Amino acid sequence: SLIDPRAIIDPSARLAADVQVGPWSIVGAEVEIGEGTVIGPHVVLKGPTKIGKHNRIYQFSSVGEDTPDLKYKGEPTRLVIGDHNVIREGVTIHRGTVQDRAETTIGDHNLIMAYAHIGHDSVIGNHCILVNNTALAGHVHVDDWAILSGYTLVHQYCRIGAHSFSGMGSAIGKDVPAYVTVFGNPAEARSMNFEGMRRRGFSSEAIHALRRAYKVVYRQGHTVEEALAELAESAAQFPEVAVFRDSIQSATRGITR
């Protein structure tokens, strides 16, 4: 079979047609799995959870477990995972809490490496890479294309901007703006992620605008509001700069300087 007979499938679970589930894995009550998704051996899936299409989940992962957050109380919170995602060895993904969104969400095309953690109520976009042991504490929003190097730690409620980059062992306590590169414990702003922008084919005009934007924010001594005003123009001209400006505007715990 596509479904190993040593696996355990709750009667209430709903598996699309070509789903593979390896030996000694558990697909629990109210778990929904979508077409082309391959579940490895030794995998614990718990619900209520919805996993889309063409995903890949490796051994020793715990996807859809209750958060150990002391506030959570057995409520029927959820987890939503999209399509084309890779979940590697021993990754842990917890479901949401009623105190927030009552949902934890992961989009599409994400690569989530071994022993990474995705805490309750987290929101991961698309095309993100979480390298080994990257941990998102809770209520963490990671926007499209971000890359978090191994053992990057993200404090609860922090937002990780689109196309951003973290060096290995970074400890992020504040919001990381879109395109920014951070390193260290505590994490510190270094520059922008030009390598990402290039691997992605951003235009030279956008890069140049991104580069001036950085200065306005980090190098000219403005308070954040002074900064946001000065970017109005370029944010009106360049969408890339608007994403940047927006990411700074939505910061609740401040920005990583």
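For the two forms, the rigid core is made up of the largest set of C-alpha atoms that agree within 1.5 Å on superposition. Numbers for residues come from their place in the sequence shown, where the first is 1.
Choosing between 143-151 and 73-81, the greater Cα displacement from the shown form in 8 other deposited structures of this protein, fitted by the core, goes with 73-81. Relative to the displayed structure, the C-alphas of 192-200 lie farther away on average in 8 other deposited structures of this protein than those of the other candidate, with 192-200 and 210-218 compared after rigid core superposition. Comparing 56-64 with 205-213, the higher mean C-alpha B-factor in the PDB entry belongs to 205-213. When the mean C-alpha temperature factors of 41-49 and 226-234 are read from the deposited coordinates, 226-234 comes out higher. In the deposited entry, the Cα temperature factor of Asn110 sits in the middle third of values across the chain's modelled residues. Among the modelled residues of its chain, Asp100 has a C-alpha B-factor that falls in the highest third according to the deposited record.
Per the deposited record, the Cα B-factor of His94 falls in the lowest third when ranked against the other modelled residues of its chain. Per the deposited record, the Cα B-factor of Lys71 falls in the highest third when ranked against the other modelled residues of its chain.
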